[PDB]
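Undergrad: Starting off with a structure, shown below.
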Amino acid sequence: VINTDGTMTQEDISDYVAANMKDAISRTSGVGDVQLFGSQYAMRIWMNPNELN
Amino acid sequence: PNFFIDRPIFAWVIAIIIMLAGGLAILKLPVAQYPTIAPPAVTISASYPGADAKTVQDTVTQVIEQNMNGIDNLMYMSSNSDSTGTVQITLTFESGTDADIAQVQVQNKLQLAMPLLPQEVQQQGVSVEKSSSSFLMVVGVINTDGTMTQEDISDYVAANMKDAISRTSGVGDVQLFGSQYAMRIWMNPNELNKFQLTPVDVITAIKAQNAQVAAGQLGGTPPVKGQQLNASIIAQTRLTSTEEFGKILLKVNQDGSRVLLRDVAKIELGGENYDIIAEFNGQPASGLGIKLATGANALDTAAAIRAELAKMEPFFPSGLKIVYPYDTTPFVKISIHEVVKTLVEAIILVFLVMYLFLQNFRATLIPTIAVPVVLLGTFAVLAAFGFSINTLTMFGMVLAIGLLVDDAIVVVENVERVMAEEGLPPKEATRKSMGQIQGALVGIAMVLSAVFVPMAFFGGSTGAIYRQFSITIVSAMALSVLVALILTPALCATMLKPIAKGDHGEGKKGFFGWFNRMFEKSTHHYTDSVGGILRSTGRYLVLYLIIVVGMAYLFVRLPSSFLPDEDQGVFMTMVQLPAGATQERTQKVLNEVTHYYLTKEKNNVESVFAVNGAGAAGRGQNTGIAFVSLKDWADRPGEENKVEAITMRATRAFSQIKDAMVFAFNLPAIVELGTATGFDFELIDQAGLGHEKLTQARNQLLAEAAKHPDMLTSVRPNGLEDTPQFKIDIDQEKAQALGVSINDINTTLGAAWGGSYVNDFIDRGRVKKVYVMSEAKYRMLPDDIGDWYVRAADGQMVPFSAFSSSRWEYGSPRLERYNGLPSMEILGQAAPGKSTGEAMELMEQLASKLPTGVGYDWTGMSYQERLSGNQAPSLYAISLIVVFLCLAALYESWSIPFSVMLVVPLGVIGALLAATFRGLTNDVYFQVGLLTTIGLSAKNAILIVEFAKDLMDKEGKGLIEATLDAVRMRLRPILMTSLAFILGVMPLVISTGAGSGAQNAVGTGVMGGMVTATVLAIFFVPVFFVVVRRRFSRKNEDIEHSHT
Amino acid sequence: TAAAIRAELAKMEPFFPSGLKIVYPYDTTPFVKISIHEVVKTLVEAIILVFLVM
Ligand SMILES: CCCCCCCCCCCCO[C@@H]1O[C@H](CO)[C@@H](O[C@H]2O[C@H](CO)[C@H](O)[C@H](O)[C@H]2O)[C@@H](O)[C@H]1O
């Protein structure tokens, strides 16, 4: 999956890829496992080590 | 083949082996209502005690559907998020798939997603069970003196029986009508504010105080020398009585005043849950509701399961009377009993015919030996082919009677003819005769399978019903044909009295002699006439085009159906109380109906079972349902004492004069789908616009279809809308200074108004649950938000009124999904002048004209029609070309089959007419009725042209000359089988009572088939054959030729 | 099997945003497809070859 002119980032695409499809390709009767190239959204909270100290 | 006609004892031996193998393989043959026809279903059900709707949709459901990936032959996945804490995910699998392999595959994909599940669920189990799509049986239990409550009876059920009913090798989930007991602790919120304790403290209290404990062993292993003891260390034991639970210590006061559980709360042995109230004729009852099996037969699931229940019945106490609301059983026994009746009738009838023509007793015995032997073993072809003897399969037998009766009659007859014309002794007369029709019978076998094997190749559930028939009737054919080759001829060279050349009876001895003269004079009229018609080519051709064209109009103007609807002696009526109504109001209605049926239908209704709490797909307070059992069919005479009229005036009474939706209805015959021409439209949310946009798109659509009465009918959504829900938004802050811990505050609101599963105890030697929910009056009006205080870290209580923001929004009591994503079910039917697919293209255009993120899909009955649709003609293309080249081989030509196959319009336009005459319809029983009709029409036609061509060639005679002769001698049989038959189907055609929908649908279609079939063919065929043939080179002549 | 994935895909294809286009890097399909059209070719050639010989 791609965006033509202006890029979206791996994870952007990836989210779409994983969020509406990887739900039915892996449930289809006739598929083993799917390996998604990228990764689906997760809540990313990145801790500040100075500001936490 | 012939080899047996001069071997009666070898013939007998094939016959006797077949009978014994048949009838004895009959004694252990399976019996059901219908065979398992439907695509196999699995349910995952789960309980999240006290949760909210969007909760069980968004915490359990959405967490499975990500990892419910990797089950084989899965077709589709539907889920219901009930606002009762129940989530139900039914996976419907590809038909004929391995059931159990599927179901188990499901549970080892339950555990990829299982650890990351909610813990209230994980602790309350989830059950995955291979299941029908409907209830197979319901056994009721009530208390005689009534001095028991729903919950009491229910307990008894759970104490002595319902452990193995879900273990019978054919049961998925059973919905227990009731609830097994639980230790019910009802918290009093005043008497709790009194002693400085809150719910949280009650929980940790009862958890810790109630358990088993990690023990050990005196003289434990490994001991040391001399040791002479090993004995069991017992420890604290979980509780047992009401005493042990009142005496539960929560905190000791400084004065020594212990604070016990009995003080703070009420303690009673109560129901594990109070969702459903089930009233059998109002008297309190608990029952068992069994969903049908992924593949089992009926009187035997019932023999093993009633083995269970009759194993628990001698040890039941008095005061307790077992009751019987609904099964699918006596129905079957009297039905098949009816079909045996009709088959038997058909023998005495044929022999009636056979005597009234052949007048030789010894000739009348012959075919009488035929049918028992062929049926008896016909069963053997089934039993070894793994099918079961239910309703429809037997209808394949009684329906096969035509081609069987024909078989024996055709043969024994021709013996009689040869001996009537040439004086030959039996044995030789037979050899020459079997020599006249042999190829004919292998041909009939061929073409018959040509019409019938393709029916087994139907796909789907429809495929299954058709298969039962293909196989039964094709088998009835096979054994009848082989009989007609070994015993049937060999009986003739052995049993028939020898006739000298040309006695033909005429007049000799009244009653009959007057008969035979009457016949002869007639039949020659018949021949003098048929030739008369042969002089006129054109006329009869035109008339033909007509007849077909008519058959075409007539076929078109008959609307389809799927199966006939039956007074099943049992039906159901549905209840829906306005949004937000309570158990009080719904139960008011159930009381109303229960009274109605048991009064103004005093003669017919015997029992109503009102189920309060679930009507539509899920459980819920606004919904009710009532099951009506009726008195024996025998005691409800007319039409008004039938399901038609009863349901009619019920719904009359309940539709137009009430505040709640009350519909009375009866399900189709089959415990599964096909409620005629309609659908189950799924509008699936795909972009992610949440519950609201979907609600409105569906409304837009539902109004958009009410605007086309020229395509749709009853466009209704099936389900529940969005009801009033009450947000208690917590201002976390005010509680974050105040020194109260949120965790406790939640768990308190919860165990208060939802409830909590905390521990397990041992009642009477059997485990049950431990539930601590608030008491009645302390959680029913919004005002109770206040009356509950949480004890903080310092030591003082806090009002919910200190941080509990409180508002009114909407939420649905049923959050549904279809195929892993959120969706909504608009259930429906096509308008009185519509095919369903018509509606399918138009719905596709309406749901097309909806916002970008509302997609569409088909399920259930309307799933079927996405697969192929216009192929039934294609299988008839196959059935056709194969029956034809089979004829091109028997007749070693191309034109001569045109001559025999042209008879099929004649058989049908008459079959169409009668079904059209009564009120009947283009279904299965008529379709199979048609094919079987197609068959005799084509059989008879075959004999006509084969005997004529034989004469033409191998007797060197002419076209006109021979066809007339053949037509002449083989006429008399046409009429015999025909007359023996028409009279056999006759009663079924009439019939009132049990399966009269079936009997009528088959019998009538078939009979109307039979009339026009003979009285048209015996005049048409020779015109086919001469006029088909009247296109070839040599003289012929008429009369030629000269040879041997 | 591709027909089943493409069933899924022909149903997820209407609800898409701009620039977002499907592409195909690893396809062991056209190899098989044109391979059979090819073994068929040779087969029929074998017949025409034969009939001519005769
Ligand atoms: C259930 C009860 C009702 C059942 C209905 C059955 C009716 C079926 C129609 C069969 C009619 C047979 O009628 C018979 O054949 C043909 C045409 O038919 C006619 O016969 C005549 O037709 C042609 C016309 O040139 C010739 O000249 C011939 O020599 C002459 O016999 C009739 O005078 C009669 O001999």
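A short reminder: the numbers here are calculations on the coordinates, not readings from a lab. For neighbour counting, all protein chains shown are included, and Cβ atoms are generated from backbone atoms with ideal geometry for every residue, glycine included.
Undergrad: Which residues, taken from the stretch C:11-34, are within 17 Å of the chain's Cα centre (by Cα) and under 25 Å from residue A:15 (Cβ atoms)?
TA: Those that are within 17 Å of the chain's Cα centre (by Cα) and under 25 Å from residue A:15 (Cβ atoms): C:23, C:24, C:25, C:26, C:27.
Undergrad: Considering only residues that are closer than 30 Å to residue B:750 by Cβ and touching a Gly at 6+ places or on another chain (Cβ under 8 Å), which ones fall in the stretch B:79-101?
TA: Across the stretch B:79-101, the qualifying residues are B:80, B:82, B:83, B:84, B:85, B:86, B:88.
Undergrad: Only one of B:562, B:519, B:555 is under 50 Å from the mean Cα position of the chain (by Cα), closer than 30 Å to residue B:358 by Cβ and either in contact (Cβ under 8 Å) with a residue 60 or more places away in the chain or away from the ligand (no atom under 16 Å from the Cβ) (or both). Can you tell me which?
TA: Among B:562, B:519, B:555, only B:519 is under 50 Å from the mean Cα position of the chain (by Cα), closer than 30 Å to residue B:358 by Cβ and either in contact (Cβ under 8 Å) with a residue 60 or more places away in the chain or away from the ligand (no atom under 16 Å from the Cβ) (or both).
Undergrad: Could you figure out which of (1) within 14 Å of chain A (Cβ to nearest Cβ); (2) assigned to a loop (DSSP other than H, G, I, E, B) isn't true of residue C:10?
TA: Condition (2) is where residue C:10 drops out.
Undergrad: Looking only at helices (runs of 4 or more DSSP H) that fall completely inside the stretch B:254-372, which ones have 1 or more residues that are touching an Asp or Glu at 6+ places or on another chain (Cβ under 7 Å)?
TA: B:261-264, B:330-358
Undergrad: Still on this model: Among the listed residues B:621, B:576, B:587, identify the single one that is touching a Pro at 6+ places or on another chain (Cβ under 9 Å) and under 30 Å from residue B:814 (Cα atoms).
TA: B:621
Undergrad: Within the stretch B:529-547, how many residues turn out to be surrounded by 15 or more Cβ atoms within 10 Å (Cβ to Cβ) and either more than 10 Å from the ligand (Cβ to nearest atom) or within 14 Å of another protein chain (Cβ to nearest Cβ) (or both)?
TA: Qualifying residue count for the region: 2.
Undergrad: Can you tell me how many residues within the stretch B:860-903 are within 14 Å of chain C (Cβ to nearest Cβ) and in contact (Cβ under 8 Å) with a residue 12 or more places away in the chain?
TA: 2
Undergrad: Mind listing whichever residues of the stretch B:60-87 are away from every other protein chain (no Cβ under 14 Å) and not charged (D, E, K, R)?
TA: If the condition is that a residue be away from every other protein chain (no Cβ under 14 Å) and not charged (D, E, K, R), then B:60, B:80, B:81, B:83, B:84, B:85, B:86, B:87 are the ones that fit.
Undergrad: Consider the stretch B:835-868. How many of its residues are more than 23 Å from the chain's Cα centre (by Cα), surrounded by 13 or more Cβ atoms within 10 Å (Cβ to Cβ) and of a type in the set (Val, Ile, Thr)?
TA: Qualifying residue count for the region: 1.
Undergrad: If the requirement is being touching a strand residue (DSSP E or B) at 6+ places or on another chain (Cβ under 9 Å) and part of a loop (DSSP other than H, G, I, E, B), which of these qualifies: B:84, B:61?
TA: Selected residue: B:84, the only one of B:84, B:61 that is touching a strand residue (DSSP E or B) at 6+ places or on another chain (Cβ under 9 Å) and part of a loop (DSSP other than H, G, I, E, B).
Undergrad: Tally time: how many residues in the stretch A:14-49 are within 11 Å of chain C (Cβ to nearest Cβ), outside any loop (DSSP other than H, G, I, E, B) and surrounded by 16 or more Cβ atoms within 10 Å (Cβ to Cβ)?
TA: Of the residues in that region, 3 qualify.
Undergrad: Hey, another quick one. Over 17 Å from residue B:907 (Cα atoms) and part of a helix (DSSP H, G or I): does that describe residue B:936?
TA: For residue B:936, the condition - over 17 Å from residue B:907 (Cα atoms) and part of a helix (DSSP H, G or I) - is not met.
Undergrad: For residue B:11, are the conditions met, namely being out of contact with any strand residue (DSSP E or B) (no Cβ under 6 Å at 6 or more places or on another chain), buried (at least 16 other Cβ atoms within 10 Å of the Cβ) and under 22 Å from residue B:175 (Cα atoms)?
TA: For residue B:11, the condition - out of contact with any strand residue (DSSP E or B) (no Cβ under 6 Å at 6 or more places or on another chain), buried (at least 16 other Cβ atoms within 10 Å of the Cβ) and under 22 Å from residue B:175 (Cα atoms) - is not met.
Undergrad: Further, regarding this structure: If residue B:403 satisfies every condition in (1) more than 18 Å from residue B:936 (Cβ to Cβ); (2) in contact (Cβ under 8 Å) with a residue 60 or more places away in the chain; (3) part of a helix (DSSP H, G or I) but one, which is the exception?
TA: (1)
Undergrad: Now, a different point. Is there any pair linking a residue in the stretch B:632-646 that is over 16 Å from residue B:565 (Cβ atoms) to one that is assigned to a loop (DSSP other than H, G, I, E, B), with Cβ under 6 Å and at least six apart or on different chains, and which?
TA: Hits for this filter: B:636/B:604; B:641/B:604.
Undergrad: Quick check on the stretch B:992-1018: of everything there that is touching a residue at least 24 places away in the same chain (Cβ under 8 Å) and either within 14 Å of chain A (Cβ to nearest Cβ) or outside any helix (DSSP H, G or I) (or both), which residue is farthest from the ligand (Cβ to nearest atom)?
TA: Ranking the qualifying residues of the stretch B:992-1018, first place goes to B:994.
Undergrad: Which one is farthest from the ligand (Cβ to nearest atom) among residues in the stretch B:496-516 that are closer than 17 Å to residue B:420 by Cβ and in a helix (DSSP H, G or I)?
TA: This residue is B:513.
Undergrad: Tally up the residues in the stretch B:102-120 that are exposed (fewer than 15 other Cβ atoms within 10 Å of the Cβ) and away from chain A (no Cβ under 12 Å), please.
TA: The total comes to 5.
Undergrad: All but one of (1) farther than 28 Å from residue B:32 by Cβ; (2) surrounded by 14 or more Cβ atoms within 10 Å (Cβ to Cβ); (3) not charged (D, E, K, R) hold for residue B:690; which doesn't?
TA: Here residue B:690 meets the rest and fails (2).
Undergrad: Could we say that residue B:470 is more than 16 Å from the ligand (Cβ to nearest atom) and in a helix (DSSP H, G or I) here?
TA: yes
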